[PDB]
Amino acid sequence: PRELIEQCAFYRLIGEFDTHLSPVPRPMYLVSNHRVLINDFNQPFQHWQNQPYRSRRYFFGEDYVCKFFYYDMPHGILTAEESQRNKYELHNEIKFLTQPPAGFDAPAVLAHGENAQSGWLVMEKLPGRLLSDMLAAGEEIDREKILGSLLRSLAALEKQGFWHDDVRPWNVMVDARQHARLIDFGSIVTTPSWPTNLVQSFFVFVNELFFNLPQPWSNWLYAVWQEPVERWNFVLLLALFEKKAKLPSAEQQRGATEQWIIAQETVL
Amino acid sequence: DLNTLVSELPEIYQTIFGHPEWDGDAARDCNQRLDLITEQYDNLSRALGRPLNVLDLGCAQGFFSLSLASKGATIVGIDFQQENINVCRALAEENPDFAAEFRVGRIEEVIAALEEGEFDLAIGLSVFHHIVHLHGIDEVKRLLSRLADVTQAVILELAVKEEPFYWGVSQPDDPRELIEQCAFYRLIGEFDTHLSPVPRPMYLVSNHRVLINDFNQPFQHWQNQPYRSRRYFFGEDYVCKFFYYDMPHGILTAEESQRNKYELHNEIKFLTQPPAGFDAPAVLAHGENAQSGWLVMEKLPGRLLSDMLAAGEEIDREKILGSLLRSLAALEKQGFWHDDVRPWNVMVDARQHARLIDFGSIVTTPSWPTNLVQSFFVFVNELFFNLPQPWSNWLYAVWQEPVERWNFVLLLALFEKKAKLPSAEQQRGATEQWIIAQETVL
Amino acid sequence: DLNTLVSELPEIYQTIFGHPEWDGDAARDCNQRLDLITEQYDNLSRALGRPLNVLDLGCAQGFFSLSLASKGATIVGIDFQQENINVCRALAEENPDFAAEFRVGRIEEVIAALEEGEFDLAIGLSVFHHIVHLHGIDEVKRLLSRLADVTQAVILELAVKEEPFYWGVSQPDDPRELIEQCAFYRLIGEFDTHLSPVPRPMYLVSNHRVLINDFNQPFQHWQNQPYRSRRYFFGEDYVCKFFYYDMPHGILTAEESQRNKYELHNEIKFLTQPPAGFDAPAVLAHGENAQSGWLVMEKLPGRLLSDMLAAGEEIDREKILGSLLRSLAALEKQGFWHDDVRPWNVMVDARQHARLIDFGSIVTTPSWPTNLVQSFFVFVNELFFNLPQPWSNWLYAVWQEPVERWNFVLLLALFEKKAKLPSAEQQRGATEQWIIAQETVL
Ligand SMILES: C[S@@+](CC[C@H](N)C(=O)[O-])C[C@H]1O[C@@H](n2cnc3c(N)ncnc32)[C@H](O)[C@@H]1O
Ligand SMILES: C[S@@+](CC[C@H](N)C(=O)[O-])C[C@H]1O[C@@H](n2cnc3c(N)ncnc32)[C@H](O)[C@@H]1O
Ligand SMILES: Nc1ncnc2c1ncn2[C@@H]1O[C@H](COP(=O)(O)O)[C@@H](O)[C@H]1O
Ligand SMILES: Nc1ncnc2c1ncn2[C@@H]1O[C@H](COP(=O)(O)O)[C@@H](O)[C@H]1O
Ligand SMILES: Nc1ncnc2c1ncn2[C@@H]1O[C@H](COP(=O)(O)O)[C@@H](O)[C@H]1O
Ligand SMILES: [Cl-]
Ligand SMILES: [Cl-]
Ligand SMILES: [Cl-]
């Protein structure tokens, strides 16, 4: 029955009723093209979006964004594992944002709830554009300020025992002054050798943000690669990043592998 | 009387040759098509050294036929309407020295009856859409193939599906579908029909000759897929590379057309001004326009490396790599590199010496050229994970070099001394091997 | 290169923005449509106080889209042909400060995905006939309704069945059938397509605003059938009366169009120059042309009498008749009468005072006004055979008057003294009663 309504912006199952014709009940939906209608939060929105950058919908109102995740979707669309991951991410995001770590400016939470079909989170609306859009629409970016600001927030999370498992352009928002922040906390984790894998992906992130690294970014990465692995973490990544202009020149060394492994990773 | 014959025409489609009193009545003035067709007539007549035999299919009131007979052509015009042929014959009789014959008949049957060599040039202007409409696209492709098979050149004006009439619906998606089975084709103009704002393209087609205004020569074979926007024609001492920038259907994205354009342009620039220290194939002709570009080069002996690899032919990898590396090092010394050294860009002669044959990927400026040295390892590995000593020792030595030192001069010098280099398998290594093996998969 | 992209267009439908070398090749020059569309852009941009977001459906080579982005618009152009969008993007790149995006896609799917407020203006020029031809008229009406629902204004150029081609047969009888479900529409021009002598009409359509060159305002509701050639739009302090003189299908005979024309014209004349002693609603704007005429007036409180009668609402017939008679007597003193006093022309406010609201039937010269006094009796009777005392006594008194004395001053004076007049039922009467009862049937 959702095929008759899924073209509409907002919809939610609100009940199921016995018809007395048979044992099969009929679902009742609440639908709107103009408002978020959640029992605790009832507000106009002025635009919405399904595909970020179809089980997730975002509604934008004057000072809010409402993230609406379907756990229960029609047709094939979500496997059991995917619904549970929708459930897990939104749940995890609610937990983090309602109790954020000191030293980290997290977007504020205005409302939230979950049920069998879906879950939602209404947050303060942040200025800026999503990094992946800026990259796609070839907009001018300051990679230094983006990486610096992001690394600073990742190092502060790590100091409080938090990491983010999925640092990618579509999870990062860049404001007018080119400062960046994470905007999806579904992938935040609290416990674990580690966090070595995350440091590795962060190199890919870096490379995709630009094989492609000029000096002194390449020198930065080369320095990290010379570190024993038990020492890889975001505090180290940040400290080396801040001093990258002083670090020795990678191209003067045999290297050369860190470059090829991430280039293959960045393909992979 | 001519007056009566003209009046009995169901339509005065064309200008009545020599009789301008009907020019206002003619559906098409024909002067624009005639300007272009006479230019192509002259080119081909010049190339063959003699006046041509010309076939005019659906010749209507004879205008093209008479206009070419006027310039010394021997012409036969065919049309299935008696009224049209009556006018053509009456016009020929006013011009008794023109060698012009006309016959009532169907184009389908005439094409089946043609013999190779009988006509040098056939023209078919705005007639095949009628055959498409009644017999379908596949039969028309075969008719047009036979027409090309039996002549030296064909000129077609083809109606198109964008024309606003009901019969447009039966047309192919693109008029090139009727001709792309033929070996050589080029758009030579576009004409207003006076039926609508949609013009009809005119194509010059051949199954026997490259017909480019500057270069008009037989070819004895041709090839589309190397090792479909690129065609190669082989004549006695030439190869003509013909790239389409404008292709039908989905076929080329914007970026791909521009890359076809870029590569051919870049190749022309390099070959017309090659660097000293590099033997580049010689350039005989070249040009570009909105639809396509072409380059005619001297023909080189040998076989393409990728064919030899595919057809498991015997190869000397030492001589192939040595010769190629020597030419790459000489390019680099002149500030040139090749971005795409692969088996399908390399030709190997009878003495097992190799050279590059596609210069589309040549570049002049940039850390660098480190990436190219890396791919060259893949090339090496595909030419054979798979490296025996001392090739493996060579690669291991390169990998021990600081990266700012990677370049083709170094690659060549180490290659020449590879028998002296230390044994890679005696070292911890081992990674250079695994990175290229993963690269060579990737 | 642009050259290549243009050549690969199946058709150069439009002028290539900034590239006049193809203007001779373009099927349509676009300058005439652009003149009109830029005028409407400016009007709406002025009204909203800002540059607009514009959607261009079937944008082809981008000419309208680029031309409006040039004036500061933010535009999105949609077309289902890759070749067209490749050219649009290449043109936008030559003009990097234009806020212009282009996407390959189908109009049907884009319309379904639109959100209200995203675009202020949508243009759909010569594209919907393709959707009619494949999906039928009803689906196109719904698409166009949604387009109007989500924007402030829509401009359409619509192909028509009189065009001589095979697809004309699938078109509606009249292009207005695709839009007449929308609230507001006006013909703004007619354009030569260069396919035939039949021009295509351009309509300005809105589901949210009255869009008249002199008056551009939101409305919050509208109505066709009063109490279909007349439409009423209600905004905060206005009512806009919009009369079609030119209607599709059979709908208006020649006489009816002329009467629409006559009534609206007459109403404009009266209200712009009202008689002293009569409070007429104020006039905010007005105009007429070949197709239609409009009048924007101050909005009056109250309900239409005929609705109150139909919805059995409580009415004070004394106050209604008194107030109406008073205004009719004051008109008559200034040499004005109203030819059509009926419940649907009368509005009753909260204090039960009544006034006329349609002045189409006002007249200035003529035995007379005896007929009007007669109908006013029917009015009276329908407002209630049905007359109790003293209304019946009033009518009886009027009927005893010589006919040269019948007029609205007399009707009013007798009405005010009706409680004093002799009892009709005590007289032989009895006919005045039966004549109006038969009239009130008739
Ligand atoms: C549109 S006219 C084009 C005339 C002429 N080729 C020109 O372009 O000036 C098509 C002509 O082809 C002739 N025709 C059409 N189908 C034919 C067929 N199957 N065999 C012979 N003639 C044909 C018609 O009689 C007509 O004269
Ligand atoms: C006749 S042209 C009109 C072009 C342009 N609107 C103008 O009037 O100058 C129709 C255009 O609409 C496009 N088109 C037709 N049907 C379409 C559809 N269903 N969705 C998107 N584009 C469509 C065609 O590709 C073509 O560019
Ligand atoms: N708190 C927020 N403030 C502003 N935009 C947001 C917020 N959360 C998500 N978004 C936007 O949501 C859109 C797509 O969803 P997401 O995957 O959350 O980025 C992007 O354009 C983000 O910029
Ligand atoms: N100058 C040339 N001489 C001989 N063969 C050539 C020349 N240029 C290209 N080819 C051949 O063209 C064919 C396919 O096109 P290509 O991609 O150029 O190799 C191969 O069989 C090549 O050997
Ligand atoms: N100036 C006005 N103010 C308020 N309502 C009006 C005005 N003019 C017409 N109407 C309304 O228009 C509707 C139908 O059209 P009409 O035939 O003009 O009555 C009725 O509901 C009237 O009350
Ligand atoms: Cl066949
Ligand atoms: Cl044709
Ligand atoms: Cl249309």
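Throughout, protein chains are lettered first and strands after them, A, B, ... in sequence-line order, and every chain is numbered starting at 1.
Taking the six-membered ring for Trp, B:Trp406 and B:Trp368 have ring centres at least 6.0 Å apart. Here B:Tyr244 and B:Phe242 bring their ring centres to under 6.0 angstrom of each other. Aromatic pair B:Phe270/B:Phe359: centroids less than 6.0 angstrom apart. Taking the six-membered ring for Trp, B:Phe384 and B:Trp391 have ring centres closer than 6.0 Å. For an aromatic pair to be called close, the ring centres must be under 6.0 Å apart, and B:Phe215 with B:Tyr238 satisfies this.
Summarising the local packing, CD of B:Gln181 is surrounded by more than 12 heavy atoms from other residues, nucleotides or ligands at distances under 6.0 Å. Open room surrounds CD on B:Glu255; 12 or fewer heavy atoms of other groups in view lie less than 6.0 Å from it. Counting non-hydrogen atoms of other residues, nucleotides and ligands closer than 6.0 Å to NZ of B:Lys418 gives a total above 12. Other residues, nucleotides and ligands contribute more than 12 heavy atoms inside 6.0 Å of the NE2 atom of C:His19. The 12-atom threshold is exceeded at CD of C:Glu21, counting heavy atoms of other residues, nucleotides or ligands nearer than 6.0 Å. Environment of CZ in B:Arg303: sparse, with no more than 12 heavy atoms of neighbouring residues, nucleotides or ligands closer than 6.0 Å. Other residues, nucleotides and ligands place more than 12 heavy atoms under 6.0 Å from the CZ atom of B:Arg317.
Side-chain contact check for B:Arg200 and B:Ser126: at least one donor-acceptor pair (N or O, by modelled atom type) lies under 3.5 Å. Checked by atom type, the side-chain pair B:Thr38/B:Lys71 shows no donor-acceptor distance below 3.5 Å. At a cut-off of 3.5 Å, with distance as the only test, a side-chain donor of C:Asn86 or C:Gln82 sits close to an acceptor on the other residue. With hydrogens and angles left out, the side-chain atoms of B:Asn381 and B:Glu439 include no donor and acceptor closer than 3.5 Å. A donor atom on one side chain and an acceptor atom on the other are found under 3.5 Å apart for C:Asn84 and C:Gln61. Between the side chains of C:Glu8 and B:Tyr245, no donor N or O sits under 3.5 Å from an acceptor N or O. A side-chain donor-acceptor contact under 3.5 Å links B:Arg209 and B:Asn216. Under 3.5 Å, the side chains of B:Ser65 and B:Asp56 contain a donor-acceptor pair of N or O atoms. B:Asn43 and B:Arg46 form a side-chain donor-acceptor contact under 3.5 Å, judged by distance and modelled atom types alone. Side-chain contact check for B:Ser229 and B:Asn260: at least one donor-acceptor pair (N or O, by modelled atom type) lies under 3.5 Å. For the 3.5 Å distance criterion, the side chains of B:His249 and B:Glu177 qualify, holding a donor opposite an acceptor. No side-chain donor from either of B:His129 and B:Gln171 sits under 3.5 Å from a side-chain acceptor of the other.
Residues B:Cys182 and B:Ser206 form no side-chain contact, since every pair of their non-hydrogen atoms from C-beta on lies 4.5 Å or further apart. Inter-residue side-chain proximity for B:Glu116 and B:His208 is flagged as met; some heavy-atom pair is nearer than 4.5 Å. Between B:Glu256 and B:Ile251, every side-chain heavy-atom pair lies at or beyond the 4.5 Å cut-off.
B:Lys141 contributes no side-chain N or O that, together with a main-chain N or O of B:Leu178, makes up a donor-acceptor pair within less than 3.5 Å. The backbone N or O of B:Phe408 sits less than 3.5 Å from a side-chain atom of B:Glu332, completing a donor-acceptor pair. Panel note: side chain B:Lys299, backbone B:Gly235; a donor-acceptor pair is recorded below 3.5 Å.
The shortest heavy-atom contact between C:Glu93 and C:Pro96 is O-CD, 3.7 Å. Closest non-hydrogen pair, B:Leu121 versus B:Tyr41, comes out as CD2-CD1, 4.4 Å. In this structure, B:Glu382 and B:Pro343 approach most closely via the heavy-atom pair OE2-CD, 3.5 Å. Considering every non-hydrogen atom in both B:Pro281 and B:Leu271, the closest pair reads O-CD2, 3.6 Å.
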*Could you walk me through whether B:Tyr203 and B:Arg176 pass the side-chain contact (heavy atoms from CB on, under 4.5 Å) check?*
CA-CA 9 Å; B:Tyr203 290 94; B:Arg176 283 169 291 186; 3.6 Å; yes

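Rounding to the nearest 0.5 Å places CG of B:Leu68 at 6.0 Å from CD1 of B:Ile123. With rounding to the nearest 0.5 Å, the separation of CG in B:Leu356 from NE2 in B:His338 is 5.0 Å.
Electrostatic pairing of B:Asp358 and B:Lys241 counts as a salt bridge here, judged by a charged N lying under 4.0 Å from a carboxylate O.
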